[PDB]
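As given, the protein sequences belong to chains B and A, one line each in that order. FYI, the numbering for the first sequence is 4 to 258, 265 to 540, going by PDB author numbering. FYI, the numbering for the second sequence is 1 to 258, 264 to 541, going by PDB author numbering. Here is the structure we will look at.
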Amino acid sequence: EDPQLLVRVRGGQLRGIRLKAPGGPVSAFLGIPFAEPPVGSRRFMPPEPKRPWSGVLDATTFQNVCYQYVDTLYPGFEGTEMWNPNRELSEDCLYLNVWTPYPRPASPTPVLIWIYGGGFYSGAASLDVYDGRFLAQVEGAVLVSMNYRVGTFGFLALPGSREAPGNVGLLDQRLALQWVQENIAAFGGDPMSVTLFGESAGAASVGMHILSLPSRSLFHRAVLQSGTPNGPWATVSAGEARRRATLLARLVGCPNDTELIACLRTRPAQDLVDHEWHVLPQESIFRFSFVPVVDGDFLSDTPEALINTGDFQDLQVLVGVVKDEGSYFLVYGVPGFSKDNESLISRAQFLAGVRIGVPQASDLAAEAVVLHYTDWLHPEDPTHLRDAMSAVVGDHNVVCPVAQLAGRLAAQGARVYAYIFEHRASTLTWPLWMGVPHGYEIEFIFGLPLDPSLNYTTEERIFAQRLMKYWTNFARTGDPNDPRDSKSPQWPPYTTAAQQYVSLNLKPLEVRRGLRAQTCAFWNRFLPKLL
Amino acid sequence: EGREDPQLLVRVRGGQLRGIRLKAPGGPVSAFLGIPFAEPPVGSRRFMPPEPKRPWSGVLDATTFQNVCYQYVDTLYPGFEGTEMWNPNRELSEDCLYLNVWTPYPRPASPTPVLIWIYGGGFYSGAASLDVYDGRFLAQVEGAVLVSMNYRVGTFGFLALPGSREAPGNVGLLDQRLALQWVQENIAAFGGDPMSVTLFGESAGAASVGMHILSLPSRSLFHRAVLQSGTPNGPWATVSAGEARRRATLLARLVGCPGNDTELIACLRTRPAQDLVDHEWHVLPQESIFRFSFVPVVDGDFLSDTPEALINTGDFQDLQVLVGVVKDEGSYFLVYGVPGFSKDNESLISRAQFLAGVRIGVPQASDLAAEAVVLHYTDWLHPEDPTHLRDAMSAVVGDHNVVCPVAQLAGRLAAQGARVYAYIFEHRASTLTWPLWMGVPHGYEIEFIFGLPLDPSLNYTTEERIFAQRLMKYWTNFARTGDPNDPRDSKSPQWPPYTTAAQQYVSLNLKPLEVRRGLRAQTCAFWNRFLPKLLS
Ligand SMILES: *[C@@H]1O[C@H](CO[C@@H]2O[C@@H](C)[C@@H](O)[C@@H](O)[C@@H]2O)[C@@H](O)[C@H](O)[C@H]1NC(C)=O
Ligand SMILES: *[C@@H]1O[C@H](CO)[C@@H](O)[C@H](O)[C@H]1NC(C)=O
Numbered sequence: 004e005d006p007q008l009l010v011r012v013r014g015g016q017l018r019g020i021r022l023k024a025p026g027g028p029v030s031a032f033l034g035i036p037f038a039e040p041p042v043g044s045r046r047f048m049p050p051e052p053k054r055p056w057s058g059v060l061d062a063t064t065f066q067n068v069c070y071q072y073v074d075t076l077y078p079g080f081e082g083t084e085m086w087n088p089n090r091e092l093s094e095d096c097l098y099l100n101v102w103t104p105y106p107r108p109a110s111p112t113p114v115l116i117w118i119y120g121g122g123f124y125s126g127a128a129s130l131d132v133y134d135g136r137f138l139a140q141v142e143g144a145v146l147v148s149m150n151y152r153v154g155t156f157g158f159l160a161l162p163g164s165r166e167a168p169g170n171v172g173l174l175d176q177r178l179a180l181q182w183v184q185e186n187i188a189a190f191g192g193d194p195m196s197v198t199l200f201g202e203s204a205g206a207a208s209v210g211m212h213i214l215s216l217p218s219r220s221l222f223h224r225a226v227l228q229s230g231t232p233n234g235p236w237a238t239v240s241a242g243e244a245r246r247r248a249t250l251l252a253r254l255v256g257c258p265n266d267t268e269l270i271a272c273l274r275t276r277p278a279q280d281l282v283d284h285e286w287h288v289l290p291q292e293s294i295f296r297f298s299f300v301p302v303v304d305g306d307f308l309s310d311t312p313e314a315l316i317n318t319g320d321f322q323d324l325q326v327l328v329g330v331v332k333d334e335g336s337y338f339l340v341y342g343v344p345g346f347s348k349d350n351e352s353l354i355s356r357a358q359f360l361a362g363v364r365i366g367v368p369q370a371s372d373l374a375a376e377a378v379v380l381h382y383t384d385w386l387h388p389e390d391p392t393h394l395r396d397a398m399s400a401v402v403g404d405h406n407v408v409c410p411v412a413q414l415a416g417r418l419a420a421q422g423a424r425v426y427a428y429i430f431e432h433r434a435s436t437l438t439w440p441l442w443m444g445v446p447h448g449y450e451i452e453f454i455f456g457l458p459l460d461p462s463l464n465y466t467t468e469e470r471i472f473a474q475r476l477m478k479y480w481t482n483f484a485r486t487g488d489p490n491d492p493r494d495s496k497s498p499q500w501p502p503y504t505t506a507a508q509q510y511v512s513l514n515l516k517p518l519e520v521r522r523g524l525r526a527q528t529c530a531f532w533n534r535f536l537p538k539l540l
Numbered sequence: 001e002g003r004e005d006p007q008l009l010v011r012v013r014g015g016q017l018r019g020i021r022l023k024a025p026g027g028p029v030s031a032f033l034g035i036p037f038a039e040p041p042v043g044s045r046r047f048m049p050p051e052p053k054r055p056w057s058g059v060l061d062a063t064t065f066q067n068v069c070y071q072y073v074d075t076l077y078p079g080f081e082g083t084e085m086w087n088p089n090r091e092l093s094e095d096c097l098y099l100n101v102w103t104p105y106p107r108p109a110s111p112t113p114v115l116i117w118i119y120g121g122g123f124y125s126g127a128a129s130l131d132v133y134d135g136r137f138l139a140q141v142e143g144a145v146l147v148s149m150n151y152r153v154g155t156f157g158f159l160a161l162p163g164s165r166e167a168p169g170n171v172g173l174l175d176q177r178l179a180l181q182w183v184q185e186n187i188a189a190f191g192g193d194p195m196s197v198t199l200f201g202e203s204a205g206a207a208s209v210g211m212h213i214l215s216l217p218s219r220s221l222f223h224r225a226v227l228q229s230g231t232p233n234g235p236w237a238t239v240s241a242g243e244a245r246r247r248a249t250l251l252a253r254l255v256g257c258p264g265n266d267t268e269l270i271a272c273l274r275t276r277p278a279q280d281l282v283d284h285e286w287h288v289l290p291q292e293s294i295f296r297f298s299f300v301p302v303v304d305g306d307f308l309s310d311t312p313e314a315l316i317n318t319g320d321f322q323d324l325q326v327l328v329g330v331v332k333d334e335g336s337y338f339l340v341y342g343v344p345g346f347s348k349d350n351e352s353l354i355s356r357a358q359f360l361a362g363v364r365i366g367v368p369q370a371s372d373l374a375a376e377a378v379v380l381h382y383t384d385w386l387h388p389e390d391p392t393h394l395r396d397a398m399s400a401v402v403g404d405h406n407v408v409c410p411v412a413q414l415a416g417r418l419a420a421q422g423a424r425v426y427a428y429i430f431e432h433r434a435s436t437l438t439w440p441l442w443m444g445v446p447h448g449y450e451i452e453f454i455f456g457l458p459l460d461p462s463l464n465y466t467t468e469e470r471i472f473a474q475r476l477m478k479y480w481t482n483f484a485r486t487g488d489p490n491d492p493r494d495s496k497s498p499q500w501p502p503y504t505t506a507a508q509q510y511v512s513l514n515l516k517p518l519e520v521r522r523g524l525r526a527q528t529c530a531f532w533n534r535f536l537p538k539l540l541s
C-alpha cells in the first residue's frame, strides 16, 4: 500500500495507481465518481452530487463511457477508431480522472481540466489521445478530465419542463468543476489556479462556462481549441430543442411534458441512439441533434448576445484552429468525397456540397458562398473545388466563429492569444488531401509523441514539448510565453487593432495578422445582413 | 487653282476640298479639317437623325477645325490644364457635324488601312479637334489614314421621347454612323482603303464603338474595333426607353415645356441651346458620379435589345477587337462629386466618407448591395486606414463602371467567337498635372496612342517617346492585321489573345510586355455575377 496512491476526498478514500511515463512515474486516480449515476428516473435530469462511500474506492481503471452512438463509417480504421468508446457504454458514466506527478506535488500546482469534444453526441475522457501522464510527468501539472452525458442523455430538452430542462451535460461538467474546487487540494492541485481546455464541442463547452455566471467562480483561464459557444452548431433555440425532442419521442413511440418524458425514460438507451440523427431539419454535416439549448437559465441569452455584451476583464483566453478544419466532415456526408481517393470533385458536386455544408443557407446565400469561394481563374478545377469545399465547412463552422469570439473577447477586455496549428502528424492515417484535420493537434498538446512506442519523429517530439510548454505556461500565468526565455520570438496577444496570431508548426513561432480577415467578414458581417 | 499646292486638292462626293500641309516631327502630313458630312442639324432639325450633306460648289476650305458641338463646359478647376485639355477648343455651335482626315504627305500610293477615332466625354462633351486627338503623328510615323468626326452630345445628340418621330433618340450615334458611311464612299480619294477600317475610341467613344459592333447597319462600315476604357454594356452607357422619356420630359419642364410628344419637342426646339445645357444635369435620379443624363437609349431600333442581351447572344466570329483599361479608372471621377476628395490634397478620407462615397459611386445600389460593396472593398486588417479607404473608393468607381464591364465584354466576345486582345495601361505621364494619388487616370493613355510624346516641344521623356512609338505600332499593326504583334520581331514578348480559358492580357508600361492572367477576376465576379443576382 503506497501512501502516494492513497487520497481522501470529501466522499471517502481512494486508491490510485502508479503509471509509467517516459521520463518517470505519475500517480493516476481514474474512475472517481462525482455524481449519483443519472439512471432510471434520473435520465435527462440535472446531476446530483455523489453520496459518500465507505472503505477505499478503487480508482485504478477508467470507468464506463457515457452511452453514445458509435461510428461505423470506416470499421477498424485507426482514423475513426481512435475517437470511439474504448470502455463499456453505460448511462452510469459520471466519473472523472486525475493525473498528478509522482510523488504528489509539494506545493499547490496549477490545474488543467480537459473537456472532450465529439459534437456533443460522443466522446470520453478515457481515450488514448487524452492521456494526462505526459503533462503530469513533464510539466508537473495536475490534470483532470471528466465524462459528461452526450446525445439525448445529456442534451435532450423540453424547455420549461421540470423533467428534461436541457443542458444537463453542461451541468455534469460544472459539477465536476465544483468537485475539483472542493477536492483538488488533496492531490496537490491549486484550486485558485484552474484552467479549462477543450476541443471542438469541448471548446464550445468551455465557452459556455465562460458565458454562464455560476461557472465563473470555478475557473480562472480558458483554452478553446477549434470550437466556440457562438457559431452555427453549438446551440439551438428552445423551440428547436422542443421540436427535436418531441420528434425523437415519436420515432420511439412516445407517449403533456411529464408523460412524454416518463415514456422516454422507459426506453432502452440504444433505442434513443438509434433515432438520434433522424431529427435534423436538413441533410447536413457539422450539425448535431442534441446540443446545448438557449434556455434562459444556464445560457441567459444566445452566445452571440452574451459575447457582444459581456465584460471579460480579468479573463485570459487561448484560442485556435487547425489548418483544415473542414476536411474531416466532408467524407461524412458530401457526395464525391472519400478517404480512399483524391476526392477531386466537379463544380456540380461543389454546388451540392455547399447546400449540405451550409444547411441553413437560402438559395441566394448559397450562391454568395459559391461565388466567394470559386477561384474565377480556375472555376472548373477539381483540386481547387475540393479544397474550397473543405474551406467553406471549416470557415463557417470553426474559423470564422473563432475569429468572431477572439475579437469580441479582446474588445470586451479579455487577454487573448490565438493560433493556427499547421503540422500534420507523420503518423496520420487519413489521406493527404485532408491536410491537418479537426482534432489532430490534440495528441501533440497532450504530449503523446514523447511515447517512444508511438513512432513520431524526433522533431515531432521536440514540437510536442514546445506545445506542452505553451499550454502549461498559459495555465500557470495566463501567458503562453516562457517567463525566463529570451530568444524566442514572442507570442503576442490577439487584439482587434493588430489581429496578431501565431502559426504552430515545426518551425519557430511566426506572427501573422488577420485570421482569414476578408473571408470571415463575409461570414460574420455580410451573410447575417442577408437575413 | 493653279498657284497653290497641287498635292492638297481632293474631290469627295460633295465637292472639291483644299487641305493644309502640316509639320510633324519627322516630316509633313496632309490634313483635311472641318469637312461637312451632314446638313447642319439646326432649327427644326434639332433632335432629328442627321441628313447627308448637300453638295457644294467651288473649293471648300478644309484647312481649319470646325465648330464643336454645343455642350456643357467644365468649371471644376478653371484654367487648370488637367481639365482644360478636354474642354472645347473651338466655338460651340449646333452646326457642328464635320469630320477631319490626316494622311501621309504626299498621299499614299496604295490603299492604306483607315483608323476612325470616336471621342469620349460621357456623351455630353468632347470634340475631334482637341490636341490629344491630333492625327499627324500616326499619319506621319505609321503612314496611317486617320479620321475623326464630331457627333452631337448631351440633349442635342441623345435626348429622346422613344417612339416619337421628332426625337427618336440615339441621333449622336447616327451622326457617327453617317461619318462611317462618308468614309466608305470617300476615303479612297485620300488613299485610304475602305476595305480596311478600324474604329477606336475611349470612354463614351469606346462605348460608341461597342454599339456600332452591336448594331447591324453599322457592321458593314468597319472591320475591326478598339475599345479603350469603355463598353456598351455596363451601368452608364445606356438607359431604358422609359428612363430616357422620363429625363426628356423632366428637362422639358425645367425649361418651360410644353400634352403630346410633337408639342413638347416643338417647344424644346424653340429653346436657346444654352438653356438646355444649363439644365441637363438636373434630371439624374440620384446624387452620383460616372452617370450622364443623355446617353444612348435601348430603342429597339439602333439597339435592338440591351447591350447585355446583345453581347450574350451575338455571334462575333470574324470580328477582331482590342480592349483595355488604365490603372486608375475611378480616381478622376472622385473629385467631381465625392466629399473628401480633391486634386489639391492627398484626399485621405474617413470610413464615414467612404460609406457615403459608395452610395454616390454606386447610385443604383440598394442598402444591402451597398453594404456588400463596402464589405468587399474594406481592408479588414486596416478598416480605418484613410489611404486604403481613398484607394478603395477609387477602385470601387473604376471597377463598377469600367474594369468589370470590360472584363465582362472581353469574356462574352471571346466565347462568342471574336479574336480579343486585352491590356491594362499603367504608365503615368511625366507631364501629368493631376496629383499622384490619382495614379494613371481615365483618359491618360490617349496622348501616348496618338504619339504626342514625339513632339519635342511637349517635354515628355526619351523613354516616353520610345513607349509612344511602341503603342502606335501595336494599334496600327492591329488596324492593319487584326493582331497587335509585329509580324517580324519574334524577340519582344508576344501579346496573346484573351480567352475565357486563360484570361491573358498584357501590361502596357515602360517595361517590355508582360502577360498577366485574370482581369480582376475575383472582384469582377462580385460585380458581374453576384450583384445582379442580388436582384431581389
Ligand atoms: C481636401 O480638399 C477637399 C476640398 O476642399 C477644398 O480643397 C482643400 C485642399 C482646401 O483648400 C479647402 O479649403 C477647399 O475647400 C476637402 O473637402 C477635404 O476635407 C480636404 N482634405 C483634407 C485637407 O484633409
Ligand atoms: C471517390 O470515392 C467515392 C466513394 O467510393 C466515390 O463516390 C467517388 O466517385 C470517387 N471519385 C472521386 C470523386 O474522386
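C-beta: ideal position from N, C-alpha, C; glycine also.
Taking 8 angstroms as the CB-CB limit, is residue i close to chain B?
i             : result
residue 558/A : Look at the range of chain A in this structure, 1 to 541, and you will see that residue 558/A is not part of it.
residue 274/A : no
residue 420/A : no
residue 373/A : yes
residue 31/A  : no
residue 394/A : no
residue 380/A : yes
Bridge partners for residue i per DSSP, in chain order?
i             : result
residue 93/B  : 69/B
residue 480/B : Residue 480/B is not bridged to any residue.
Verify the contact flag: residue i, CB atom, against every heavy atom of ligand 1, threshold strictly below 7 angstroms.
i             : result
residue 353/A : yes
residue 350/A : yes
residue 347/A : yes
residue 344/A : yes
Can you tell which of the options has its C-alpha closest to the C-alpha of residue i?
i             : options                       : result
residue 262/B : 163/B, 270/B, 181/B and 122/B : Structure remark: chain B lacks residues between 258 and 265, so residue 262/B is without coordinates.
residue 330/B : 253/B, 228/B and 413/B        : 228/B
residue 264/B : 135/B, 168/B and 405/B        : As shown, the structure holds no coordinates for residue 264/B; chain B passes over it, running from 258 to 265.
residue 444/A : 431/A, 455/A, 453/A and 456/A : 431/A
residue 207/A : 185/A, 223/A and 232/A        : 232/A
residue 172/B : 65/B, 158/B and 217/B         : 158/B
Establish whether the CB of residue i and some CB of chain A are separated by less than 8 angstroms.
i             : result
residue 376/B : yes
residue 385/B : yes
residue 523/B : yes
residue 7/B   : no
Please list the segments of the alpha helix (DSSP H) lying wholly inside the segment 382 to 427 of chain B, counting only runs of 4 or more residues, in order along the chain.
391 to 403 and 409 to 420
Pick out the complete alpha helix (DSSP H) segments inside the segment 20 to 79 of chain A, 4 residues or longer, and give them in chain order.
none
Runs of alpha helix (DSSP H) lying entirely within the segment 284 to 358 of chain A, each at least 4 residues, in chain order:
312 to 318 and 336 to 339, all fully within the segment 284 to 358 of chain A.
Which parts of the segment 100 to 163 of chain B are runs of the beta strand (DSSP E), unbroken and 3 residues or longer, counting only runs that do not cross its ends?
112 to 118 and 145 to 149
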